[PDB]
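Undergrad:
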Amino acid sequence: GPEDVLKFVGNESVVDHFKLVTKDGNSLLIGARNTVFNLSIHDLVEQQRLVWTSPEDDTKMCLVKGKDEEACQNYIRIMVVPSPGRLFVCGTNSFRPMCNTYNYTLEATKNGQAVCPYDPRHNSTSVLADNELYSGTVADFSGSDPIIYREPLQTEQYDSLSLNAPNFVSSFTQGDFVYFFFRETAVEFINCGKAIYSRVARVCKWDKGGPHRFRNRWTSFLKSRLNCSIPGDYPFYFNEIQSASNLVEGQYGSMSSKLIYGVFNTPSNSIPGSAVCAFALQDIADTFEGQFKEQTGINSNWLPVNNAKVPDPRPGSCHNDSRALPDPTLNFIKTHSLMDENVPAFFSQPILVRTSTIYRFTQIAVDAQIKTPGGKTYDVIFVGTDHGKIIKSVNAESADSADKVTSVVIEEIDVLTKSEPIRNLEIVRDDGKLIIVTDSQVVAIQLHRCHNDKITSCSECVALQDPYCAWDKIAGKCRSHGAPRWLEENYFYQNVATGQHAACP
Amino acid sequence: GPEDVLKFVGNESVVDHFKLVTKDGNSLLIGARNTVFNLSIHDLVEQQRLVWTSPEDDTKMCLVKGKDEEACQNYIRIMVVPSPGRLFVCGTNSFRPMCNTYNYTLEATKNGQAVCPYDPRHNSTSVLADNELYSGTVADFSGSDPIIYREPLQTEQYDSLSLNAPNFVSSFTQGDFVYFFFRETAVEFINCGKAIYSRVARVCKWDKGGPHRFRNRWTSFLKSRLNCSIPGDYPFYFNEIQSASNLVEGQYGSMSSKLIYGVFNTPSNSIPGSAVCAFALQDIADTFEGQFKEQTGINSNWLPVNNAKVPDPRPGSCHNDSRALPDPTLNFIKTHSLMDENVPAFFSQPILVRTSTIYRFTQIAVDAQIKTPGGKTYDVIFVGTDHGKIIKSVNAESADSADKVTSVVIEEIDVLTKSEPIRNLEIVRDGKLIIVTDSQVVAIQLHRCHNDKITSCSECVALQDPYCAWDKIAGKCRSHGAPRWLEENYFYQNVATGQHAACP
Ligand SMILES: *[C@@H]1O[C@H](CO)[C@@H](O[C@@H]2O[C@H](CO)[C@@H](O)[C@H](O)[C@H]2NC(C)=O)[C@H](O)[C@H]1NC(C)=O
Ligand SMILES: *[C@@H]1O[C@H](CO)[C@@H](O[C@@H]2O[C@H](CO)[C@@H](O)[C@H](O)[C@H]2NC(C)=O)[C@H](O)[C@H]1NC(C)=O
Ligand SMILES: *[C@@H]1O[C@H](CO)[C@@H](O)[C@H](O)[C@H]1NC(C)=O
Ligand SMILES: *[C@@H]1O[C@H](CO)[C@@H](O)[C@H](O)[C@H]1NC(C)=O
Numbered sequence: 080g081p082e083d084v085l086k087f088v089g090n091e092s093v094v095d096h097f098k099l100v101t102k103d104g105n106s107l108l109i110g111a112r113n114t115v116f117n118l119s120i121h122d123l124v125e126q127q128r129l130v131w132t133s134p135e136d137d138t139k140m141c142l143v144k145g146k147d148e149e150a151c152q153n154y155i156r157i158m159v160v161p162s163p164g165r166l167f168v169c170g171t172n173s174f175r176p177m178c179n180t181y187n188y189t190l191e192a193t194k195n196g197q198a199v200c201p202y203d204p205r206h207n208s209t210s211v212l213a214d215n216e217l218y219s220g221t222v223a224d225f226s227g228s229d230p231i232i233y234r235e236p237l238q239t240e241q242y243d244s245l246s247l248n249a250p251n252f253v254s255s256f257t258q259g260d261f262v263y264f265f266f267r268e269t270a271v272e273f274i275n276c277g278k279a280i281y282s283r284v285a286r287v288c289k290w291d292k293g294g295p296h297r298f299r300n301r302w303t304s305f306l307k308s309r310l311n312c313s314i315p316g317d318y319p320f321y322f323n324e325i326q327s328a329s330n331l332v333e334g335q336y337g338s339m340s341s342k343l344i345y346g347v348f349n350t351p352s353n354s355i356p357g358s359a360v361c362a363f364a365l366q367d368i369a370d371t372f373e374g375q376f377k378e379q380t381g382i383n384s385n386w387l388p389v390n391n392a393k394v395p396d397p398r399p400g401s402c403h404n405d406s407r408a409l410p411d412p413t414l415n416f417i418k419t420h421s422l423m424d425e426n427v428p429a430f431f432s433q434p435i436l437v438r439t440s441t442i443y444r445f446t447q448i449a450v451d452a453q454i455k456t457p458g459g460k461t462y463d464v465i466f467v468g469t470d471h472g473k474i475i476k477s478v479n480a481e482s483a484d485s486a487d488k489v490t491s492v493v494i495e496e497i498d499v500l501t502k503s504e505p506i507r508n509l510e511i512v513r526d527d528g529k530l531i532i533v534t535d536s537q538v539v540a541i542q543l544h545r546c547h548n549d550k551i552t553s554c555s556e557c558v559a560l561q562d563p564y565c566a567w568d569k570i571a572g573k574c575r576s577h578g579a580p581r582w583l584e585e586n587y588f589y590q591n592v593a594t595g596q597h598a599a600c601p
Numbered sequence: 080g081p082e083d084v085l086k087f088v089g090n091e092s093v094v095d096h097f098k099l100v101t102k103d104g105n106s107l108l109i110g111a112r113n114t115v116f117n118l119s120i121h122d123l124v125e126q127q128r129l130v131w132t133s134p135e136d137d138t139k140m141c142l143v144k145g146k147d148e149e150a151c152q153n154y155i156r157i158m159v160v161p162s163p164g165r166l167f168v169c170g171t172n173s174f175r176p177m178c179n180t181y187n188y189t190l191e192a193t194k195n196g197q198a199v200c201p202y203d204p205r206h207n208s209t210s211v212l213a214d215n216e217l218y219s220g221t222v223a224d225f226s227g228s229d230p231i232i233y234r235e236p237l238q239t240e241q242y243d244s245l246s247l248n249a250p251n252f253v254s255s256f257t258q259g260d261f262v263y264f265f266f267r268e269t270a271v272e273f274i275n276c277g278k279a280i281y282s283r284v285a286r287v288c289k290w291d292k293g294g295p296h297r298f299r300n301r302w303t304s305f306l307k308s309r310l311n312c313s314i315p316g317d318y319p320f321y322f323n324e325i326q327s328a329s330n331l332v333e334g335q336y337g338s339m340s341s342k343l344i345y346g347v348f349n350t351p352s353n354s355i356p357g358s359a360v361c362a363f364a365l366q367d368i369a370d371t372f373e374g375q376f377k378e379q380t381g382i383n384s385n386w387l388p389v390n391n392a393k394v395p396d397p398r399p400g401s402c403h404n405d406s407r408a409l410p411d412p413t414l415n416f417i418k419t420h421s422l423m424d425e426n427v428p429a430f431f432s433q434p435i436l437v438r439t440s441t442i443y444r445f446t447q448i449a450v451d452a453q454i455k456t457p458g459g460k461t462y463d464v465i466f467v468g469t470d471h472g473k474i475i476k477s478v479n480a481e482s483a484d485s486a487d488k489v490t491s492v493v494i495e496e497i498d499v500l501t502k503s504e505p506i507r508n509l510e511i512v513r527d528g529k530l531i532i533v534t535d536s537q538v539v540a541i542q543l544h545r546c547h548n549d550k551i552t553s554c555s556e557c558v559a560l561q562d563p564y565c566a567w568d569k570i571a572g573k574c575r576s577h578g579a580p581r582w583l584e585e586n587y588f589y590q591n592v593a594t595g596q597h598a599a600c601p
């Protein structure tokens, strides 16, 4: 396959999953089980190492004979950089999650309940704000009560209408609003059957509490389904979600191209077919302004909610005083938290689909829109699989009656061992490279293979349709973008679905 | 692939689909569009041909500008042999289905409403009885009213609770009870979403009608869902059904192995994964004896039906007098026709599954249980695909904590052109196979123990085919049903019996 530009076999069984990239500090804090590493983004050289050995009393309490000797240790899952500049790492610590703030300077330690999972399963995510941290994970030992913990607010205890077996995969903040991505079991569909529908949620930044003992509960909690289907005469849906990328902004704000890419796939019972579905923050806000989904009982009968029922205060909005908000809508928000309509997919079709293959998508990574010689900018997608095979892709919009979108599969070359599954991905923003955080090791390879790829044929650059690729006449080098600088404006031919028959022959 | 033992390219565009096998008469009546053929089973030689040219007045009424010049003609779909020996064929006749009772001797011609489909779509099936004919097809021109017509009873006009967009794929009779196989849209799940669940139905032999305006309607109509899923921690279902084989009986009646093999697959929107699920008449009768599925309204609320609601007369049973049956159960049968529980799959697992491949299962054929040298008898499965690839398979029962059946895929060799899809299969009782397709029908041997020569002993031993057997002094690979042994001999076979090696 591809030559290993940088390989890093740090640990045998620690199975790193978490990572933080700070380009100004120029250091990569890769989270890990029972260990922490600080490397340089240039050559993957560890600067310092924080090793946290779970106390003896904590490990001695965990004696489940099933599957604990290799596991049930310190799984450092969440980490952010607070405003004072402190170090904030929290581990599971053998089902005893307690956050320890930090260098080995222990500034303070606080209980890590509802911010670090008890199980080592990938079912939690976190994101920071200016003053508070947003984390969604389970609360009890078994994990039956999964809540969102912003200090010190909690949702309704054992509320299935809000959360029922979710797997938080993403979380980001935009304009005093923190969004969450998870796959929970829909209570309304349980009447029909057992299935999981990807539902996005959002909460305001400053929710102080609620009046009349509602101080613990949330007031503006809302959620709505994500519709990731292959449109046509009959819709074919994708139930489960595995990952979701960060928000994408293009050029000025006048453009409405705010795009969020999420990795979706088919449930366990069904075939390993996976699909990359895009969702916009504008498409998300369309359903939240819409009405809520109806919820009736066994005896009482109710019709889909109408506009007469909505109160004067609008649900899901940042107010200056949340406690002064009236109660009739606070008794109303719990029953009608879920929305009626699902968020439509971008351009009414998924971005990338892979059905016949055995492997399933597991992670995702998005690169910035580079300036292609065609005078346009499109988004780049990097999606990993449990097989370990990485797929590079870019998208051009094609006009058709069914809005057929061409899924450009640049190269499907596998980089790591077939056995190990990719569990986290990241792109570096100095030299072009890629981060593939897996259980066995993390390997850094170049982002685009326009350079270092030579089949001794001119056609290689032209046939791939890669945005970074470009060919020169007097020189035999296949040009790239971001690494070389042109002395003056030149001619570069590219075929990003532009309709070019041939060039090299 | 395999050499064409018998070739038969009868027609380029007639697209034959129907066939009737009579072993005593030794003739194969293969039904066809605008033609019908009566052949010999030995060498596929047509004895006589009846050509039925749709009348001019009938064809002139059919002027569908989309795609009719090639279609909208005489599609002979149903045919049985009545007791007098007459010929009873009915064709679509350009959306004018009129049955022709019979050689060209036309004894009588009667309207074929509710027994022959108007459309050329494969959505109807038929089966004969001692005195009446059982047929399930649409009634109107568009096809919105599909009913089951045994002369002269009809279901409720435009009844969605009983039938909603069905595709009748099979129909057979057993003990004064005629069962039907079709894939209709479930009204209760339509509330949740658009999906098709395979539902089997049955009707008694002698239902004259019902009193107090129920004379038109059926009294003993019942149906229940078919569960064709891959069991485990989470069930994965197969929604649509494409075909279903005839009943299988093994040795004496004391054994409970009466099984019907049906071909199932995944809806159109989802992936082409198909599954062959077996269902027993004993498993069918378990759900019909069970309670009925509840059906409530928008305002009224109802709980799942209980045993207190069932009347003293048992629904779905042959009575001596159907008119004397009370009315409170006749007003009850329509609302609660569907059963609550679905028919479980045989051994709680499908027989054969094909998911990763692009081709979909289209038909099915079951061979009789031959006597293998291992002292046992198992069923043989032949399932065709839209790709044209034919797969022969047999299944042996394996004991484990988790029910897992090994699906023996004997040979997956393609016989016909990749383009054409198989649309009907049948086995002959010399060992051969009949592959009725749109382009042509090809007759090839049933088992490939003979006519297969890789010059290696290991080929034969590895196949695990029941008909295959090897000899020591002679290099011939023995078969069953064609050669006769002079005396008892030794034959080694490994139908999942646990044999490491033999030839090397
Ligand atoms: C990771 O290691 C780097 C490399 O030492 C740290 O960055 C330096 O830290 C020292 C000590 O605080 C400072 O004096 C330097 O100014 C930092 N920058 C450079 C370029 O040396 C970094 O603080 C460590 N931690 C993280 C989270 O990045
Ligand atoms: C197909 O043709 C055969 C012709 O043999 C029919 O079988 C009988 O054949 C004998 C001798 O040829 C005739 O005297 C009989 O009249 C035939 N039977 C009948 C019922 O007429 C056979 O019936 C034809 N049809 C099928 C479905 O096999
Ligand atoms: C989900 O999206 C598809 C494609 O646009 C659409 O056909 C389907 O109706 C949507 N789902 C619902 C519940 O509306
Ligand atoms: C279908 O049958 C399987 C076993 O054959 C069982 O596990 C599953 O629960 C059944 N489900 C339905 C809906 O019939």
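Residue numbers (the entry's author numbering), protein chains in the order written: chain A, 80 to 181, 187 to 513, 526 to 601; chain B, 80 to 181, 187 to 513, 527 to 601. Backbone N, C-alpha and C fix where the C-beta goes; we use that ideal spot for every residue, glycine too.
Taking 8 Å as the cut-off, is the CB of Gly104 of chain A close to at least one heavy atom of ligand 1?
TA: Yes, the beta carbon of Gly104 of chain A sits closer than 8 Å to at least one heavy atom of ligand 1.
Undergrad: With a threshold of 8 Å, are at least 3 pairs of Cβ atoms found where one atom belongs to the region 385–395 of chain A and the other to the region 344–363 of chain A?
TA: No, the region 385–395 of chain A is not in contact with the region 344–363 of chain A.
Undergrad: Closer than 8 Å: is that where the CB of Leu217 of chain A sits relative to any heavy atom of ligand 1?
TA: Result no, Cβ not under 8 Å from ligand 1.
Undergrad: Tell me, please, whether the region 393–409 of chain B touches the region 281–300 of chain B by the rule of three or more beta-carbon pairs shorter than 8 Å.
TA: Short answer: they touch.
Undergrad: Give a yes or no on whether the C-beta atoms belonging to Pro230 of chain B and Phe322 of chain B are separated by under 9 Å.
TA: It is not a contact, given that the beta carbons lie outside the stated cut-off.
Undergrad: For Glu510 of chain B, which three-state DSSP category applies?
TA: It is a strand residue.
Undergrad: Tell me, which residues are paired with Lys194 of chain A by DSSP?
TA: A:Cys178.
Undergrad: Going along chain B in order, which residues have a C-beta closer than 9 Å to the C-beta of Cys312 of chain A?
TA: Under the 9 Å cutoff, chain B gives no residues; its nearest Cβ is about 13 Å from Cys312 of chain A.
Undergrad: Distance cutoff 9 Å, beta carbons only. Does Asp317 of chain B sit that close to anything in chain A?
TA: Yes, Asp317 of chain B lies at the interface with chain A (some Cβ there is under 9 Å from its Cβ).
Undergrad: Mind checking the region 383–410 of chain A against chain B and listing, in chain order, the residues whose C-beta falls within less than 8 Å of any C-beta there?
TA: Listed by position, the residues of the region 383–410 of chain A near chain B (Cβ gap below 8 Å) are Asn383 and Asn385.
Undergrad: Under three-state DSSP, which class holds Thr371 of chain A?
TA: Of the three classes helix, strand and coil, the one that applies to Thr371 of chain A here is helix, per DSSP.
Undergrad: Between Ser555 of chain B and the rest of its own chain, which residues show a CB-CB distance below 6 Å, the 5 nearest in sequence each way excluded?
TA: Same-chain partners within the cutoff: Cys600.
Undergrad: Is the Cβ of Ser358 of chain B closer than 9 Å to any Cβ of chain A?
TA: Chain A contact via Cβ: absent.
Undergrad: Put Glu324 of chain B into one of helix, strand or coil per three-state DSSP.
TA: In this structure, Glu324 of chain B counts as strand in the three-state DSSP scheme.
Undergrad: Alpha carbon to alpha carbon, how far is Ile494 of chain A from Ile541 of chain A? Give it in angstroms, no decimals.
TA: Approximately 16 Å between the Cα atoms of the pair.
Undergrad: With 16 as the cutoff for other CB atoms within 10 Å, does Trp567 of chain B come out buried or exposed?
TA: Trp567 of chain B comes out buried.
Undergrad: Pick from A:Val124, A:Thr171, A:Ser119 and A:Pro163: whose alpha carbon is nearest that of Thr132 of chain A?
TA: Among A:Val124, A:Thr171, A:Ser119 and A:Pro163, the Cα nearest to that of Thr132 of chain A belongs to A:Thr171.
Undergrad: Compare the C-beta of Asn353 of chain B against all C-beta atoms of chain A and say whether one is closer than 9 Å.
TA: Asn353 of chain B counts as touching chain A.
Undergrad: Specify the secondary structure class of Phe97 of chain A as computed by DSSP and reduced to three states.
TA: Residue state, collapsed to three classes: coil.
Undergrad: When DSSP builds the beta bridges, which residues end up paired with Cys151 of chain B?
TA: Per DSSP, none; premise fails for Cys151 of chain B.
Undergrad: Apart from the five residues just before and just after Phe266 of chain B, which ones in its own chain have a Cβ nearer than 6 Å to its Cβ?
TA: If we look at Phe266 of chain B and ignore the five residues flanking it on each side, its Cβ neighbours are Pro250, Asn251 and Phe252.
Undergrad: Is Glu425 of chain A a contact residue of ligand 3, with contact defined as CB to any heavy atom under 8 Å?
TA: At least one heavy atom of ligand 3 is nearer than 8 Å to the Cβ of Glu425 of chain A, so yes.
Undergrad: Consider the C-beta atom of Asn172 of chain B and the heavy atoms of ligand 2; say whether any pair is separated by less than 8 Å.
TA: Answer for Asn172 of chain B: no, Cβ out of range of ligand 2.
Undergrad: For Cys312 of chain B versus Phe348 of chain B, is the C-beta distance shorter than 9 Å?
TA: Yes, these two residues count as a Cβ contact at 9 Å.
Undergrad: Between the region 429–447 of chain A and chain B, which residues of the former have CB atoms less than 8 Å from a CB of the latter, in chain order?
TA: Here the close residues are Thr439, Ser440 and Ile442.
Undergrad: Using the beta-carbon count (16 or more within 10 Å), is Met339 of chain A buried or exposed?
TA: The residue is exposed, with fewer than 16 neighbouring Cβ atoms inside 10 Å.
Undergrad: Is any heavy atom in ligand 4 found nearer than 8 Å to the beta carbon of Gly374 of chain B?
TA: Answer for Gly374 of chain B: no, Cβ out of range of ligand 4.
Undergrad: Quick check on the DSSP output: the beta strand (DSSP E) that includes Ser219 of chain B runs from which residue to which?
TA: First-last of the beta strand (DSSP E) with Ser219 of chain B: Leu217 to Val222.
Undergrad: Anything in the region 265–299 of chain B with a Cβ closer than 9 Å to a Cβ of chain A? List those residues in chain order, please.
TA: Taking 9 Å as the Cβ-Cβ cut-off against chain A, the residues of the region 265–299 of chain B that qualify are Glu272, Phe273, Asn275, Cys276, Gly277 and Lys278.
Undergrad: Whole-angstrom Cβ separation of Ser482 of chain B and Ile465 of chain B, contact assumed at under 8 Å?
TA: No, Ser482 of chain B and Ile465 of chain B are not in contact; Cβ-Cβ is about 17 Å, not under 8 Å.
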